Amino acid sequence: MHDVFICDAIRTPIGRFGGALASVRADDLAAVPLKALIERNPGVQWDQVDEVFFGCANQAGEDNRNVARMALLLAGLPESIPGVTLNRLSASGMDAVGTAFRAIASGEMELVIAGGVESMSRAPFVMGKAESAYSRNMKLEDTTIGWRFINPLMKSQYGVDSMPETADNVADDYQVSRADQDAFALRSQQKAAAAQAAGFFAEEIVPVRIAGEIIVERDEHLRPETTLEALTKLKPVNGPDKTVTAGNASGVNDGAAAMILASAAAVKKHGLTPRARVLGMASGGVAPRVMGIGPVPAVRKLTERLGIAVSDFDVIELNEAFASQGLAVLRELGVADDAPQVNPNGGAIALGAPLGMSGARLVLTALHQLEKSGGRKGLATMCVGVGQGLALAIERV
Amino acid sequence: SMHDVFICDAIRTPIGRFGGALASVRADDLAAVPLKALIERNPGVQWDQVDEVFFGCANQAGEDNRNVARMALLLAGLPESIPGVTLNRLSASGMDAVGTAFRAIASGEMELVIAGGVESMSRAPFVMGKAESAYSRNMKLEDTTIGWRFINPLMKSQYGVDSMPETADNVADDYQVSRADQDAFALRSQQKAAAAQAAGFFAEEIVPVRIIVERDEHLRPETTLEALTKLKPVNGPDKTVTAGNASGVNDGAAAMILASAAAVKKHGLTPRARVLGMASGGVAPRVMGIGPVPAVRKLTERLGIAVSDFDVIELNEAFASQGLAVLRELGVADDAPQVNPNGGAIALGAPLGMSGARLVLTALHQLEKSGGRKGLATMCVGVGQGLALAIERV
Amino acid sequence: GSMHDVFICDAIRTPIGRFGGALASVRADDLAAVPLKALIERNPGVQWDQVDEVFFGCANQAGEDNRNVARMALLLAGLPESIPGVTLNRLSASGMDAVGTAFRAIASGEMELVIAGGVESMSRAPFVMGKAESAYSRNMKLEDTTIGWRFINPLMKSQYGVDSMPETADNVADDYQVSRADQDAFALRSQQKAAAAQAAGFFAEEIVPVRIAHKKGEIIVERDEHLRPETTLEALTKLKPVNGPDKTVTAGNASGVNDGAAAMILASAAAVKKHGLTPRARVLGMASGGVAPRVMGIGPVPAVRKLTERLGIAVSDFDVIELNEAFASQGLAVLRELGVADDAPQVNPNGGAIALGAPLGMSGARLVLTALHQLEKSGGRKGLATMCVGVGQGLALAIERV
Amino acid sequence: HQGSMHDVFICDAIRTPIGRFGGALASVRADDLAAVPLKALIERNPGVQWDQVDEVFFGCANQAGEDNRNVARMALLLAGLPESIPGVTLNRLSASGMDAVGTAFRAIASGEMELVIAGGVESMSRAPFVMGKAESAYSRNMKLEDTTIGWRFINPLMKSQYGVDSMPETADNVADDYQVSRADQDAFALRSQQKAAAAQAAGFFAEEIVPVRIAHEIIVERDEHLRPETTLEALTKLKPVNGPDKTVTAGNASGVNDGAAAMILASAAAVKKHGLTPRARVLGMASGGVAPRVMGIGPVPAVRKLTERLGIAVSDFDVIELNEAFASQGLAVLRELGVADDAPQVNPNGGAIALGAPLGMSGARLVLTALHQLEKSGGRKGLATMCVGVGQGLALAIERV
Ligand SMILES: CC(C)(COP(=O)(O)OP(=O)(O)OC[C@H]1O[C@@H](n2cnc3c(N)ncnc32)[C@H](O)[C@@H]1OP(=O)(O)O)[C@@H](O)C(=O)NCCC(=O)NCCS
Ligand SMILES: CC(C)(COP(=O)(O)OP(=O)(O)OC[C@H]1O[C@@H](n2cnc3c(N)ncnc32)[C@H](O)[C@@H]1OP(=O)(O)O)[C@@H](O)C(=O)NCCC(=O)NCCS
Ligand SMILES: CCCCCCCC=O
Ligand SMILES: CCCCCCCC=O
Ligand SMILES: CCCCCCCC=O
Ligand SMILES: [Cl-]
Ligand SMILES: [Cl-]
Ligand SMILES: [Cl-]
Ligand SMILES: [Cl-]
Ligand SMILES: [Cl-]
Ligand SMILES: [K+]
Ligand SMILES: [K+]
Ligand SMILES: [K+]
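Residue numbers (this note's numbering), protein chains in the order written: chain R, 540 to 936; chain Z, 9 to 402; chain F, 215 to 616; chain W, 45 to 445.
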């Protein structure tokens with residue numbers, strides 16, 4: 540088996556729903572980090588790229604019909620380069636990284652690109668075909684996030700809880716208080732505001748140019764103005780006996796990210812800078828109704844196989860779909876609610892979460908943080924709608 | 009060291025015609041059919057040990073939305089502890105599921121996996137972009153059954169947005185594939201498929217969908233050369249691709265088990281073939297049908313296997329023009345006996361996400377019947393790709 | 215300075231098709247044109263460039279009936295481009311409102327020769343989708359226009375409710391004490407009388423056929439499709455109410471959802487003479503009434519009382535009453551309020567909408583033409599046609615055979 | 045033996061401001077918008093016994109959106125009128141609101157009614173999209189169509205025989221066939237803007253208007269479409285709608301707009317009973333048809349029909365309110381009727397190029413504004429006339445009391 544190295548990595552800013560990136564087609568948005576990789580890495584012979592693997596949760600809109608291939612062509616990569624799109628909802632972009640890793644480790648490829656995209660602003664409506672002539676039963680459904688075309692058998696067996704309902708279920712089952720959720724959310728906002736001011740995100744970001752030209756360069760989901768008092772006043776999404784609010788949850792967002800992965804031979808050939816070795820990826824399943832706890836079996840599976848303890852990681856990038864689930868996962872894994880190595884630059888409550896891009900962001904930001912801190916091993920892990928988790932481990936070199 | 013990977017049991021639904029026998033069956037329910045059959049057929053498996061379900065699906069806007077692999081495993085009655093992920097390389101999605109499952113086991117990250125694919129083209133929805141302004145007068149519905157929607161002007165200007173049949177006409181023109189040769193190939197597909205269906209070959213691959221649907225519906229066994237000759241080309245009288253020398257739009261699902269040697273033992277599986285490798289290739293979108301050529305060359309060069317060494321070649325028949333052009337470029341006769349011996353998608357149809365899984369499982373099936381050793385499955389991909397996967401009977 | 219007498223002359227209609235049935239393939243504008251084409255063929259003395267106006271009723275106007283179907287239909291029918299058209303909407307009463315509006319135009323001296331009619335293709339009624347009220351709105355929705363509420367105003371719901379038409383008919387059954395048994399008996403008489411009229415060739419005298427293309431050749435639709443002549447009291451008794459076990463309105467004691475068109479000529483005495491028409495009845499007058507939306511089926515009562523008080527005609531003086539049968543509960547309630555027996559011989563002698571169906575815009579025109587037809591066959595003198603209207607109205611129109 | 049026709053009087057009249065597409069009134073449902081002038085008539089006329097209103101006649105060209113299912117009746121209920129009052133909706137496209145007035149007149153004249161309300165509404169901002177039903181299971185042929193203005197669900201037989209020219213295409217056809225120059229069209233457009241600006245500044249429109257309340261609440265008080273600073277240079281620079289060889293521009297055409305209007309009509313006996321002020325007698329209405337492809341010339345046969353029957357010359361009118369769908373057709377109509385392009389009695393306060401034209405509301409506006417102008421000027425007879433899509437015209441004559 541072959542060592543696999545993450546090399547350059549870059550992302551767009553993350554836009555708010557209907558905000559700074561809402562006019563940018565998903566395929567064009569995916570192409571932005573690909574074009575930046577080309578510009579940033581002039582020693583690469585681009586016709587040698589073996590594959591572009593991209594995560595995308597939707598695929599009904601301008602991201603239809605294999606957005607990985609659409610994006611590589613729009614980015615100016617040669618038509619000889621193949622592309623494939625992966626869908627594990629919020630974990631899609633991490634699955635692109637781990638799939639790229641397995642292709643190189645198994646000797647099938649040498650040089651690849653992995654990343655992800657989502658334009659939740661531009662997610663379309665969908666309408667099933669008529670099932671009879673002159674049918675009176677036509678319906679439009681929003682694909683921005685969550686259930687559509689509900690199967691009655693899925694509802695009867697597993698339920699079709701909304702994402703916030705699942706987060707309330709985790710809060711109840713794992714006993715995560717509203718006060719702790721809000722404290723976690725505030726720390727995310729404070730840490731993200733500090734990282735933004737320090738120029739940490741700027742080092743990850745390439746601008747999006749929109750045709751005078753408008754240039755989008757800053758993550759705009761952040762709410763640095765957040766106070767505990769303001770969080771406390773919010774009403775829960777699902778009623779007064781519940782805990783999840785708009786303030787202790789991520790949002791729906793737009794963005795894309797990409798990075799290069801390479802064998803040792805490809806690193807040398809293409810003049811790349813190897814930044815981390817990929818150690819491995821593991822997935823896990825849980826009940827849909829408590830999907831937020833999905834990371835726990837994934838992390839345990841990966842760490843047990845690699846012979847690494849959770850405490851051995853110098854950074855943990857844990858997706859913040861909801862504070863209730865971030866906290867429940869940390870507690871289950873034996874990590875403090877405010878452990879210093881967890882989400883040190885904040886996370887999705889502040890930054891937002893374009894589903895397909897989010898997992899690629901967690902890997903690239905974990906690597907970035909290992910470089911800043913001089914850490915060795917990093918873990919990125921996230922929950923998945925309909926009850927999964929994904930975990931991926933890297934080691935700085 | 010890398011780990012050997014074995015394909016074990018494999019099963020599929022029949023392939024239904026658009027609006028036909030399977031049109032009432034939701035894509036998620038359809039995907040669950042072969043998964044439930046793998047449970048029934050493999051009594052020694054401890055199902056909570058399955059590491060992953062990988063499924064191909066080209067659409068994902070309809071009842072196949074939000075990661076159909078995971079939806080399908082839950083509907084099939086598999087434990088909720090089992091993860092799933094959905095792959096999209098258009099017509100090659102199901103083959104990509106197989107090769108992706110292979111790489112996961114080969115690299116030591118998994119031991120027992122299911123790979124498959126689904127498409128319900130009958131039930132593909134319409135899509136409507138959001139309004140870009142309040143009171144927008146510019147709202148539009150687009151069909152997602154097959155082909156371009158939400159066309160990007162930059163894609164059109166640089167690469168074109170040729171329909172799939174237009175790309176097949178382009179291949180016929182550029183590679184000099186005559187109408188007569190296309191029709192001869194189509195007739196052989198129908199003849200061979202009708203023979204295989206009479207011999208019970210497809211029946212050995214099929215689990216019924218419950219009215220019991222048990223037979224592939226797309227076959228036209230009555231096809232004659234005279235009948236094909238009369239047909240008018242899709243794109244006008246100067247062109248060559250017709251409805252008779254092209255595949256169709258179809259519904260179906262397929263799945264198979266892959267396992268390490270240790271998992272084969274533990275779960276009482278029957279190892280049937282070793283997976284040798286997978287490769288992908290890119291070509292100009294406008295001649296997408298030629299995509300298999302760089303994929304096959306890449307795979308064979310890496311493995312050190314000549315194309316002539318394969319005892320079966322399962323080449324997707326999206327169009328006779330591209331099937332023929334691919335064979336000619338690879339130095340294989342238009343009617344070579346090892347190519348599509350039981351016919352192909354012209355006769356059988358091609359639900360996009362399921363097709364590539366069908367090619368792998370039917371190649372293996374054919375090796376078993378014939379006593380052959382190495383098999384190659386390969387197919388073209390819209391927007392200009394190819395994928396190839398090689399196996400070896402145990 | 216005096217008003218002018220107004221005569222109804224020739225009148226014709228398509229058959230009435232079932233939803234999704236015999237006429238479902240026919241665009242609403244083309245369907246409206248069918249009776250217009252028949253009037254042209256049937257009345258060859260008319261100088262067609264003299265027609266002052268075509269008035270057509272249509273309740274929907276969102277589909278192929280959009281943008282003034284009266285004018286679309288007259289052009290499709292081959293009438294001169296010089297002929298104006300206008301479309302009226304009083305829901306189920308639209309076609310009757312077309313007749314009365316044509317009458318008022320001639321009575322007031324403003325016109326001499328007109329066509330009045332109505333159309334509905336409920337099979338082909340489209341879906342509607344409001345515009346986005348913001349960029350990237352997540353709140354887009356489709357709504358069926360086949361029948362009943364869409365784009366509900368919360369202020370309408372809060373003040374008057376948005377009861378479905380069958381719910382209003384249950385409200386009438388409750389408030390006016392009309393039993394399930396009586397509703398089903400009325401429905402059975404409608405079916406029996408319509409089956410008898412069909413067998414007698416009565417409907418055939420009113421109908422122009424519609425030609426339809428099939429794969430192997432053409433067919434003609436010549437018979438009303440909605441009738442259920444094998445209806446029995448037992449069959450009706452077994453049906454479940456639309457709105458739950460404590461209710462009374464069923465699919466069997468209500469009209470349906472249907473397709474059809476009708477049209478007729480109205481003319482001054484001078485126009486009858488000039489154009490070689492055959493005058494058949496004089497129009498006496500039209501009146502409208504309003505009631506609570508939640509009991510819309512009782513709407514005919516104020517309309518009939520208003521018209522008859524003004525004309526000085528008792529309800530009992532009419533030799534035919536054509537009362538729309540939207541629901542048996544409301545047909546019965548109206549008769550009871552007006553002092554007419556539930557089975558009075560002069561009411562709906564050839565059956566009504568429970569048997570025949572009710573394409574909204576066409577229905578009111580049908581009631582007028584069939585009342586006149588029945589007067590001619592029976593030797594009767596005065597006729598009354600009246601019908602209820604969604605959102606709480608009634609309309610009534612009286613005629614007298616020449 | 046018939047009795048005597050009854051004289052019919054227009055009494056109070058009122059309108060909303062006219063909003064731009066997606067502009068000041070875009071948030072207001074058509075049914076609620078229609079109710080605004082009805083509520084104002086109630087407030088303005090306390091002598092009326094409202095349960096005596098025989099009918100509310102309203103024009104509306106669309107009827108697919110919040111104006112569905114007989115907007116006249118919807119609006120009268122929303123306005124607080126008793127549930128005993130009937131309502132009916134008329135559709136002659138851009139002439140609907142005028143057809144409501146004339147239909148109300150005929151109902152009173154023929155003795156069938158005594159006290160009625162006539163008006164019209166359009167919310168073109170909020171006009172919905174429409175989608176035909178599937179004709180077959182798993183149909184691949186589903187389509188959305190905009191109902192804001194103009195053709196949808198095109199019939200191939202209509203297209204083949206008469207064409208399906210857009211309204212601006214018809215206006216180009218009129219420019220071509222009637223020889224109306226781009227320069228003349230632009231000059232007409234400029235005079236519309238100048239006259240409307242002067243009228244607005246003089247408080248003339250304010251006398252006709254009731255404000256609309258908007259959720260935020262704020263009020264909308266003034267017509268939004270006017271471009272008072274319009275120059276000929278700017279008009280000259282505009283590109284034609286239909287391509288470089290044509291003449292119709294956005295600057296010499298009406299717009300797409302939102303608004304509602306209503307007025308009271310009454311017999312002499314009702315005027316007395318309800319303490320109304322009779323303001324004009326209605327003399328008559330006539331309609332006419334022309335080729336769809338040149339629909340803008342529709343007013344010519346309607347005006348000729350009406351004036352011939354009444355025995356009034358076009359030159360006898362003290363005001364002519366001619367709808368300005370397009371300058372090309374406004375000019376072509378005047379020329380055919382022998383009236384100068386800039387005749388002082390024509391549109392003295394400007395027209396739809398400046399003010400806009402919510403289809404169902406526009407014809408009611410023309411009638412009420414013609415009456416207003418007769419009062420201001422001391423004139424006697426007024427003519428209101430308009431063109432209609434798919435080839436019609438409508439004309440209505442009044443006489444100040
Ligand atoms: C009342 C209404 C809801 C019924 O709709 P529906 O259920 O689709 O009507 P159907 O004709 O399919 O009848 C329903 C069932 O009752 C049965 N039924 C109806 N009339 C029957 C009869 N006379 N004898 C026996 N069975 C009868 C039908 O056969 C059917 O049974 P099925 O489903 O097994 O075939 C619908 O017709 C409606 O909305 N009508 C009101 C229209 C209106 O408001 N305006 C028109 C009057 S102006
Ligand atoms: C003619 C029509 C197609 C134009 O629609 P539109 O293009 O959306 O109109 P706009 O208001 O945007 O005007 C278009 C442009 O011309 C400019 N323009 C219009 N009038 C102008 C003037 N007087 N001075 C300067 N510029 C002017 C606008 O500012 C605008 O510039 P921009 O769009 O680049 O910013 C449309 O108004 C229409 O269909 N009207 C016909 C109505 C009809 O058939 N019936 C109603 C009357 S009965
Ligand atoms: C129903 C499948 C939608 C995917 C698009 C089809 C075109 C692929 O080549
Ligand atoms: C097809 C008709 C649409 C009009 C709405 C019908 C409801 C009337 O009571
Ligand atoms: C909003 C109005 C819809 C009616 C169509 C307008 C076209 C008339 O010429
Ligand atoms: Cl989701
Ligand atoms: Cl995240
Ligand atoms: Cl295939
Ligand atoms: Cl009826
Ligand atoms: Cl106007
Ligand atoms: K994976
Ligand atoms: K519906
Ligand atoms: K098998």
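We put the CB at the ideal spot given by N, CA and C, even for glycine.
By the C-beta criterion, the region 482-502 of chain F is judged to be in contact with the region 256-265 of chain F, since at least 3 inter-stretch pairs fall below 8 Å. Taking the Cβ of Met-666/R as the reference point, every heavy atom of ligand 3 lies at 7 Å or farther away. Per the C-alpha coordinates, the member of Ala-341/Z, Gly-339/Z, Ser-329/Z positioned closest to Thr-175/Z is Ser-329/Z.
For a Cβ distance threshold of 9 Å, nothing in chain F lies close to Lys-668/R: the least Cβ distance comes to about 14 Å. Judged by DSSP in its simplified three-state form, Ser-128/Z adopts strand. Within the same chain, and ignoring the five residues on either side of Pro-336/W in sequence, the residues whose Cβ sits closer than 6 Å to its Cβ are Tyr-206, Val-434, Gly-435. Beyond the five residues adjoining it in sequence on each side, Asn-597/R comes within less than 7 Å, by CB distance, of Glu-657, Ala-662, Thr-682 in the same chain, given in chain order. With a 10 Å radius around the Cβ and a threshold of 16 neighbouring Cβ atoms, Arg-748/R comes out exposed. Looking at the backbone, the Cα of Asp-531/F and that of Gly-66/W are separated by about 56 Å. Residue environment analysis places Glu-444/F among the exposed positions, since fewer than 16 neighbouring C-beta atoms fall within 10 angstroms of its C-beta. The C-beta of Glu-295/F has 16 or more other C-beta atoms within 10 Å across all chains shown, which makes the residue buried.
Taking 7 Å as the cut-off, the C-beta of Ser-306/F does not count as close to any heavy atom of ligand 5. Within the model, the alpha-carbon separation for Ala-346/F versus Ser-169/W is close to 10 Å. Proximity of chain W to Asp-151/Z at the Cβ level (cut-off 7 Å) is accounted for by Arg-184, in chain order. In this structure, the beta-carbon distance from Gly-352/Z to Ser-197/Z falls below 8 Å. Between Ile-129/W and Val-100/W, the C-beta gap is smaller than 8 Å, which places the two residues in contact.
Assigned with DSSP and collapsed to three states, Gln-198/Z falls in helix. Contact between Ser-629/R and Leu-894/R holds: CB atoms are separated by about 5 Å, below the 8 Å threshold. Residue burial is scored here from C-beta neighbours: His-907/R has at least 16 other C-beta atoms within 10 angstroms and is therefore classed as buried. Rounded to whole angstroms, the gap between the alpha carbons of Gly-208/Z and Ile-214/Z is 10 Å. By the Cβ test, the region 49-57 of chain W is not in contact with the region 518-537 of chain F, since fewer than three Cβ pairs between them sit closer than 8 Å. In this structure, the C-beta of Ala-294/W approaches ligand 2 to less than 7 Å from one of its heavy atoms. With a threshold of 8 Å between beta carbons, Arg-348/W makes no contact with chain F.
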